[PDB]
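Order of the sequence lines fixes the chain letters, A, B, ..., with proteins taken first and strands second; residue numbering starts at 1 for each chain. Hydrogens, waters and symmetry mates are skipped; everything else that's a heavy atom, side chains included, is used.
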Amino acid sequence: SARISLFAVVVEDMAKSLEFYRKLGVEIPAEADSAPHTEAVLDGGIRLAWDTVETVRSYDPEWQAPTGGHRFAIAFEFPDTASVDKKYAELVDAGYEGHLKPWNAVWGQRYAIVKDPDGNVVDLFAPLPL
Amino acid sequence: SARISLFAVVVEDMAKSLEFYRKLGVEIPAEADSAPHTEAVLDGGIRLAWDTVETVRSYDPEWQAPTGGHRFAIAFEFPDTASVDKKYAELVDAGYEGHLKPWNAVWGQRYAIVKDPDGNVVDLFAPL
Ligand SMILES: [Cu+2]
């Protein structure tokens, strides 16, 4: 059967998107900033990819950015709770959308939510000490 | 160090979504159909998660389904071009939306695009 190979996000501006993800530890060569397509190889070989809007329009010419809630989220795990709070403050200070400030989630994790430059939700979390 | 642990999708109906993904090789127990949240482990330990709209609104009350083009796409790899065509045909026959029929993409892969039950774009591909 098939295997999940890539999770790809559509970006209005490659440089601005990669800039955000680099702050989250994704390894992306500076040069990628000017590319129409970029991809980073993650654990197990699965890749996270980025494709510019103009690039997406090659097969979906009528594509237009959506408005509203997220249908997709990428969750980043941190070594401890303080790291979560620190990264959230860093991203918010950098002008990114702080959706839900750090809090002790009822499911047992220090949790926080921000949105990337294109409206995708990005969760930051760390297991709460037991 | 920050590491991507999960990729998650918001679903209106868990059972319907899992039904579609089970047809794409994702191993998911039947009991997950009744859960408010589900996780499937992929390679490298990364997990794909499904959260019902209700689950999302429990901590994100203002969430509203988006309107407009897709913000993302999940791409599934097949062993050969024939299997891509076969899967596209199968899913379309099964009532799922066929977005773009199979073709030989400029990037060197047999490619086809369908939509899952929640309108998400799902790419099917194989090296030529
Ligand atoms: Cu090559």
Counting heavy-atom pairs closer than 4.5 Å to chain B, which one of A:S1, A:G69, A:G44 comes out on top? A:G69
Which atoms of A:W50 are under 4.5 Å from chain B, going by heavy atoms: the side chain, the backbone, both sets, or neither? neither
Do A:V114 and A:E97 have side chains that get closer than 4.5 Å, going by heavy atoms? no
At a heavy-atom separation under 4.5 Å, does A:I74 approach chain B through its side chain, its backbone, both, or neither? both
If hydrophobic clusters are built from ILVMFWY residues whose side chains come within less than 4.5 Å, do A:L124 and A:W103 share one? no
Chain B shares the most heavy-atom pairs under 4.5 Å, among A:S83, A:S5, A:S58, A:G25, with A:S5
Region of B:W107 that comes under 4.5 Å of a non-hydrogen atom in chain A: side chain
Segment of B:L100 engaging chain A (4.5 angstrom heavy-atom cut-off): side chain
Under 4.0 Å between a side-chain nitrogen and a carboxylate oxygen: does that hold for A:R22 and A:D33? yes
Is any side-chain heavy atom of A:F78 closer than 4.5 Å to one of A:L24? yes
Taking the basic N atoms (NZ, or NE/NH1/NH2) and the acidic carboxylate oxygens, is any pair closer than 4.0 Å for A:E90 and A:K87? yes
Per-residue contact mode, A:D60 against chain B (heavy atom under 4.5 angstrom): side chain
Hey, which of A:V9, A:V10, A:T67 has the most heavy atom pairs under 4.5 Å with chain B? A:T67
At a heavy-atom separation under 4.5 Å, does B:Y111 approach chain A through its side chain, its backbone, both, or neither? neither
Aromatic centroids of A:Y96 and A:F20 separated by under 6.0 Å: yes
Exam field: side chain A:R57 to backbone A:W63, donor-acceptor pair closer than 3.5 Å: yes
Chain B contact via A:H70 - side chain, backbone, both or neither, heavy atoms under 4.5 Å: both
Side chain to side chain, A:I113 and A:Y88, heavy atoms closer than 4.5 Å: no
State, yes or no, whether a side-chain contact exists between B:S17 and B:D118 at a heavy-atom distance under 4.5 Å. yes
Only pairs of heavy atoms separated by less than 4.5 Å count here; which of A:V122, A:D123, A:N120 has the most with chain B? A:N120
Comparing A:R71, A:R3, A:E77 against chain B, the one with the most heavy-atom pairs below 4.5 Å turns out to be A:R71
Using a 4.5 angstrom heavy-atom cutoff, name the option from B:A65, B:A73, B:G45 with the most pairs to chain A. B:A73
Quick one: sort the A:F72 and B:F7 rings into parallel, tilted or perpendicular, breaks at 30° and 60°. parallel
Contact class of B:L6 relative to chain A, heavy atoms under 4.5 angstrom: both
Using non-hydrogen atoms only, which part of A:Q64 is less than 4.5 Å away from chain B: side chain, backbone, both, or neither? backbone
Are side-chain heavy atoms of B:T38 and B:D51 found at a separation under 4.5 Å? no
For B:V56, is it the side chain, the backbone, both or neither that has a heavy atom under 4.5 Å from a heavy atom of chain A? side chain
Between A:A126, A:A105, A:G68, which has the largest tally of heavy atom pairs under 4.5 Å with chain B? A:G68
